[PDB]
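Residue numbers (full-length UniProt numbering), protein chains in the order written: chain A, 64 to 125; chain B, 47 to 175; chain C, 27 to 458.
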Amino acid sequence: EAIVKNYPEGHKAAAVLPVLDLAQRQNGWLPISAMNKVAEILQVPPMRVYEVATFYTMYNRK
Amino acid sequence: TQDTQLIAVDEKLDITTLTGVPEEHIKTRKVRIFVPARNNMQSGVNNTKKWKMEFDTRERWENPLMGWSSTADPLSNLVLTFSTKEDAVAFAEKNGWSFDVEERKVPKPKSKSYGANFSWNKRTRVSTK
Amino acid sequence: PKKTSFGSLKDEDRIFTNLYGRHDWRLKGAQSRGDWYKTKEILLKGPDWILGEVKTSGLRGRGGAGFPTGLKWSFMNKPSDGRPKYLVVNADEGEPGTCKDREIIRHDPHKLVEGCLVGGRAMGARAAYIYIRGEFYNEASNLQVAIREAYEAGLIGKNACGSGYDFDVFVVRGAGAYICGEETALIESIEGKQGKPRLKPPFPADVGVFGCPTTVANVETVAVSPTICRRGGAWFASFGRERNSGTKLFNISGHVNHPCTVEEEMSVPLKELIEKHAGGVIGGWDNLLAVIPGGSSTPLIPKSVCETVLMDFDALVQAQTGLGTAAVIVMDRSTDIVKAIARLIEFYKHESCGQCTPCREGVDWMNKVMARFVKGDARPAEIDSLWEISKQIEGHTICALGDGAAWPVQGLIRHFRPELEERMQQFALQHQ
Ligand SMILES: Cc1cc2nc3c(=O)[nH]c(=O)nc-3n(C[C@H](O)[C@H](O)[C@H](O)COP(=O)(O)O)c2cc1C
Ligand code: SF4
Numbered sequence: 064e065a066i067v068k069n070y071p072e073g074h075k076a077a078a079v080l081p082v083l084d085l086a087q088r089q090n091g092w093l094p095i096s097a098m099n100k101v102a103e104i105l106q107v108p109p110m111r112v113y114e115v116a117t118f119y120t121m122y123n124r125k
Numbered sequence: 047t048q049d050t051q052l053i054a055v056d057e058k059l060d061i062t063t064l065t066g067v068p069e070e071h072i073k074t075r076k077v078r079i080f081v082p083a084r085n086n087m088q089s090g091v092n093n094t095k096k097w098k099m100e101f102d103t104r105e106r107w108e109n110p111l112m113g114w115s116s117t118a119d120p121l122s123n124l125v126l127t128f129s130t131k132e133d134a135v136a137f138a139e140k141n142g143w144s145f146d147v148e149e150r151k152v153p154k155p156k157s158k159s160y161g162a163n164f165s166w167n168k169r170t171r172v173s174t175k
Numbered sequence: 027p028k029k030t031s032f033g034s035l036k037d038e039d040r041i042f043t044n045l046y047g048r049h050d051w052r053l054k055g056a057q058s059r060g061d062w063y064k065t066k067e068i069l070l071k072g073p074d075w076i077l078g079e080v081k082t083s084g085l086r087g088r089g090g091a092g093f094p095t096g097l098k099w100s101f102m103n104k105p106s107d108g109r110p111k112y113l114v115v116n117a118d119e120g121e122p123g124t125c126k127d128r129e130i131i132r133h134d135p136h137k138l139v140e141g142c143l144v145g146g147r148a149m150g151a152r153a154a155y156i157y158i159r160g161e162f163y164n165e166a167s168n169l170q171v172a173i174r175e176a177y178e179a180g181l182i183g184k185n186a187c188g189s190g191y192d193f194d195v196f197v198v199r200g201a202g203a204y205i206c207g208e209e210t211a212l213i214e215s216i217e218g219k220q221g222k223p224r225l226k227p228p229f230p231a232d233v234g235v236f237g238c239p240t241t242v243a244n245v246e247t248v249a250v251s252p253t254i255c256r257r258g259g260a261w262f263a264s265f266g267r268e269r270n271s272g273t274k275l276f277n278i279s280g281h282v283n284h285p286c287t288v289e290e291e292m293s294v295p296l297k298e299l300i301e302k303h304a305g306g307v308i309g310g311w312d313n314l315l316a317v318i319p320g321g322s323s324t325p326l327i328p329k330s331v332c333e334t335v336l337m338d339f340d341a342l343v344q345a346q347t348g349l350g351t352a353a354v355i356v357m358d359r360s361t362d363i364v365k366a367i368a369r370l371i372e373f374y375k376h377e378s379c380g381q382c383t384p385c386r387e388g389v390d391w392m393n394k395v396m397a398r399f400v401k402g403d404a405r406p407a408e409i410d411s412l413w414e415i416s417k418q419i420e421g422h423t424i425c426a427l428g429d430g431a432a433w434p435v436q437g438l439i440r441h442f443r444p445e446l447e448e449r450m451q452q453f454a455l456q457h458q
């Protein structure tokens, strides 16, 4: 929630990259459930969350 | 501007009696004047610039042999092209054919801006690119 | 009136006095070195004076563009329009051979935040989003420590530096991409979507981050901005050739005895810089084969060009290359030039975002062709084909990555075609 509040209200989708990174830290690797759970908290459709995970290299999908 | 024994020929051109068409194919046929729409699969527009003349379809059965699509209407594949509706609609009754005309559909101009893809307020901001 | 023998800068005029981390990089050391001093007066002078003194400085974009930073930053002198105004500092530093941004962040971060503060005031921005790359986690944490120190000291935040201005700095981490270094792609990645760059009929000054105005500036450019305000554009304009002022950093790497970093005055002779700061090419200067002047994007030049060339924008431009990021990579006579360039194209293929067709397909195609060139399994006609392909993607891509990948191929071809010819002949008679 501190990450989301860094961004302007109404564009909370911008927190996708840092929040998805947070799921990586407490899980090592992010499974599809982590990518779905990021979608619910950030209200972003899961497809857009899937785009970010596959595009950037650091996110360990395996 | 041509003195060639000019006489008053007001009555409409009625060449139908000369084209040799049988009586059946001259009244009971309803031709259609239309600008063909673009093939929705494609995006080009070079096929929607000339008015087309076509005859209403008729029976098309199957042969007792291997079974092609037989027909008995000679005016089935006849498609004519005209550069203007007035020329097209004039060729119909001059040849004596009942017609219906559909006006050309012009794609209305739509204002498109790339900056709208990333809008501060409006819901037109996209979620992917 | 003219300092023709440009170079050999002294410690007094050096900006990043704590470059090697030999002094306290916290607020106490930074203020000791001369930071956060009369900042309020800079704030109270007015944005016009800040912009005006940047033009006098003649500062050019130290990120791979070389644009007249004063002219670029002047694009938000327009009146307010309801939308918030935002500043963005580029800190990706993804270009190979570029290490300068890493050093300033983790050794003199307080200069950077002050740079955002004075920069934001000049451009009227509300906040600065420093986009540090994901790998620099320790650097980002070091950056945030300075931010917290500045916030507690009252330098930034509500009534920044006791001047009424309210400025905030959010340091946003990356998730791993070289394309995020691109300004519009960085603006995109901040917004949370895929890091593809956006086309520009519009510009960040009008439409940008969250749709609000923005301006992506390199870490070095903003970092030196406050010191320019303190010492003046006249002091900054004194150094460097005309239109080539300032003291640009230099990242020397490759086949050198002591690869390092140094803040040398611009328009410096290339031979001189390698000799003293770096230590000279391994095996002597005569062992040099080719040099990457300013990063992978900048095309290479051979030793013949390397004999006398000033390290700046214009001098390299007439030398069939560019200053770029001043990432000097030397390659000795023991270096497989074809193999090294093929690796650069391999890096570009692994970093293209795949949005536009020329960069998505052309770079991959150039990767496969150059791979055959390294082995020699090709024909002399392929060299010309590679030249035409590189031109096809040049200037036809959304962002400058396509041009950034075509230039190394063009640089290699025009300076080492006989090497390519010899390798293919070597492959030919071996496989007879
Ligand atoms: C593929 C690519 C990568 C780039 N990477 C960086 C980078 O890491 N850092 C940077 O400051 N500019 C980078 N740039 C340049 C930016 O797009 C932009 O021109 C510049 O950051 C603007 O700030 P400046 O005027 O201070 O250089 C890159 C450009 C391209 C095309
Ligand atoms: S040049 Fe490459 S990275 Fe840049 S927009 Fe096109 S595909 Fe994406």
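We put the CB at the ideal spot given by N, CA and C, even for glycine.
Inset, instruction - For A:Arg111, decide whether its Cβ has a neighbour in chain B, counting only Cβ atoms nearer than 9 angstroms. - result: Residue-level contact by beta carbon holds for A:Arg111 and chain B, with a gap shorter than 9 angstroms.
Legend entry - Pair within 9 angstroms by beta-carbon distance, C:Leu336 and C:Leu296: Yes, Cβ-Cβ distance for C:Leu336 and C:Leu296 is below 9 angstroms.
Legend entry - C:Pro328 in three-state terms, based on DSSP: Of the three classes helix, strand and coil, the one that applies to C:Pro328 here is strand, per DSSP.
Inset, instruction - Could you check if B:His71 is buried or exposed, using at least 16 other CB atoms within 10 Å of its CB as the buried criterion? - result: Burial call: exposed.
Inset, instruction - Whole angstroms is fine: what's the gap from B:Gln51's alpha carbon to B:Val91's? - result: It is roughly 48 angstroms from the alpha-carbon of B:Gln51 to the alpha-carbon of B:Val91.
Inset, instruction - For my contact list, C:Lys137 and C:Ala56 are in at a C-beta cut-off of 8 angstroms; report their separation, rounded to the angstrom. - result: 7 angstroms between Cβ atoms; contact.
Inset, instruction - List the DSSP bridge partners of C:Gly183. - result: DSSP output for C:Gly183 lists C:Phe193 as bridge partner(s).
Inset, instruction - Just the chain A side, please: which residues come within less than 7 angstroms of B:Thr174 by C-beta, in chain order? - result: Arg111, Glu114, listed in chain order.
Inset, instruction - Check whether the Cβ of C:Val242 lies closer than 8 angstroms to any heavy atom of ligand 2, and answer yes or no. - result: Here the distance from the Cβ of C:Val242 to the nearest heavy atom of ligand 2 is not below 8 angstroms.
Inset, instruction - Please check if any C-beta of chain B sits within less than 9 angstroms of the C-beta of C:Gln456. - result: For C:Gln456, the answer is no, since every Cβ of chain B falls outside 9 angstroms of its Cβ.
Inset, instruction - Would you be able to state if there are at least three C-beta pairs under 8 angstroms between the segment 431-440 of chain C and the segment 216-234 of chain C? - result: The segment 216-234 of chain C vs the segment 431-440 of chain C: no contact.
Legend entry - Environment of C:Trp75 [buried if 16+ CB atoms lie within 10 Å]: Under this definition C:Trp75 is an exposed residue.
Legend entry - Proximity below 9 angstroms, CB of C:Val144 to CB of C:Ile182: No; because the gap between Cβ atoms is not below 9 angstroms, this pair is not in contact.
Inset, instruction - Look at the Cβ atom of C:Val250, then the Cβ atom of C:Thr273, and state whether they are nearer than 9 angstroms. - result: Yes, the pair counts as a contact, with Cβ atoms nearer than the cut-off.
Inset, instruction - Starting from the beta carbon of A:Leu93, find every residue of chain E whose beta carbon is closer than 8 angstroms, and list them in chain order. - result: Structure shown: chain E not included; protein chains present are A, B and C.
Inset, instruction - Provide the residue span of the alpha helix (DSSP H) that contains B:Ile53, from first to last. - result: Careful: B:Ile53 lies outside any alpha helix (DSSP H) and carries neither H nor E.
Inset, instruction - Tell me, please, whether the CB atom of A:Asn99 is closer than 9 angstroms to any CB atom in chain C? - result: In terms of beta-carbon proximity, A:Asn99 stays away from the interface with chain C, with every pair separated by 9 angstroms or more.
Inset, instruction - Assign A:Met110 to one of two classes, buried (16 or more other C-beta atoms within 10 Å of its C-beta) or exposed (fewer than that). - result: A:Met110 is exposed by the Cβ-count criterion.
Inset, instruction - Helix, strand or coil for C:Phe262, going by three-state DSSP, please let me know. - result: Note: C:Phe262 maps to helix in three-state DSSP.
Inset, instruction - Please determine, among C:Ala243, C:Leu97, C:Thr65, C:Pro105, the residue with the shortest C-alpha to C-alpha distance to C:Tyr157. - result: That would be C:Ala243, whose Cα lies nearest to the Cα of C:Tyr157.
Legend entry - Residues near ligand 2, criterion Cβ-heavy atom distance below 6 angstroms: Residues with their Cβ less than 6 angstroms from any non-hydrogen atom of ligand 2, running along the chain, are C:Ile205, C:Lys222, C:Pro223, C:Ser378, C:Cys379, C:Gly380, C:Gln381, C:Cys382, C:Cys385, C:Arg386, C:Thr423, C:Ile424, C:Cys425, C:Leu427, C:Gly428.
Inset, instruction - State buried or exposed for C:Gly218, treating a residue as buried only when at least 16 other CB atoms are found within 10 Å of its CB. - result: It is buried - the Cβ of C:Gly218 has at least 16 other Cβ atoms within 10 Å.
Inset, instruction - Give me the Cα-Cα distance between C:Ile308 and C:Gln170, rounded to the nearest whole angstrom. - result: Approximately 39 angstroms, taken between the alpha carbons.
Legend entry - Best match in C:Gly402, C:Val400, C:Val395, C:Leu427 for proximity to residue 12 of chain C [C-alpha to C-alpha]: Since the displayed chain C opens at 27 and closes at 458, residue 12 of chain C lies outside it and no answer follows.
Legend entry - Terminal residues of the beta strand (DSSP E) in which C:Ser34 lies: From DSSP, C:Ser34 is part of no beta strand (DSSP E); its letter is neither H nor E.
Inset, instruction - Confirm the yes/no value for this check: CB of C:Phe229, any heavy atom of ligand 1, distance under 8 angstroms. - result: No; taking the cut-off as 8 angstroms, the Cβ of C:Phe229 has no heavy atom of ligand 1 nearer than that.
Inset, instruction - Can you give me the Cβ contacts of C:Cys382 inside the same chain, cut-off strictly under 6 angstroms, excluding the 5 residues immediately before and after it? - result: For C:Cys382, where only same-chain residues beyond five positions count, the Cβ hits under 6 angstroms are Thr423, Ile424.
Inset, instruction - Compute every distance between the C-beta of C:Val80 and the non-hydrogen atoms of ligand 1, then say whether any falls below 8 angstroms. - result: It does not: the Cβ of C:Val80 is nowhere closer than 8 angstroms to a heavy atom of ligand 1.
Inset, instruction - Closer than 7 angstroms by C-beta to residue 459 of chain C: which residues in its own chain qualify, once you throw out the five before and the five after it? Chain order, please. - result: With chain C running from 27 to 458 in the structure shown, residue 459 of chain C is simply not present.
Inset, instruction - Assign B:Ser129 to one of two classes, buried (16 or more other C-beta atoms within 10 Å of its C-beta) or exposed (fewer than that). - result: Counting Cβ neighbours within 10 Å, B:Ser129 comes out exposed, since fewer than 16 surround it.
Legend entry - Rounded C-alpha distance that separates C:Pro444 from C:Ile409: About 11 angstroms.
Inset, instruction - Answer yes or no: does any C-beta atom of chain C fall closer than 9 angstroms to that of B:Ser157? - result: Chain C, which has no Cβ nearer than 9 angstroms to the Cβ of B:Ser157, makes this no.
Inset, instruction - Kindly confirm or deny that the segment 200-211 of chain C and the segment 377-392 of chain C touch, where touching means at least three C-beta pairs closer than 8 angstroms. - result: Yes: at least three Cβ pairs fall under 8 angstroms.
Legend entry - Three-state class that DSSP yields for A:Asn90 in the structure shown: DSSP places A:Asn90 in the coil class of the three-state scheme, outside both helix and strand.
Inset, instruction - Inspect the beta-carbon positions of A:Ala116 and A:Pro108 and report whether they are closer than 9 angstroms. - result: Against a cut-off of 9 angstroms, the Cβ pair of A:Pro108 and A:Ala116 comes out as no contact.
Inset, instruction - Tell me whether B:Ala118 is buried or exposed, calling it buried when 16 or more other Cβ atoms sit within 10 Å of its Cβ. - result: Only exposed fits B:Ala118, as fewer than 16 other CB atoms lie within 10 angstroms of its CB.
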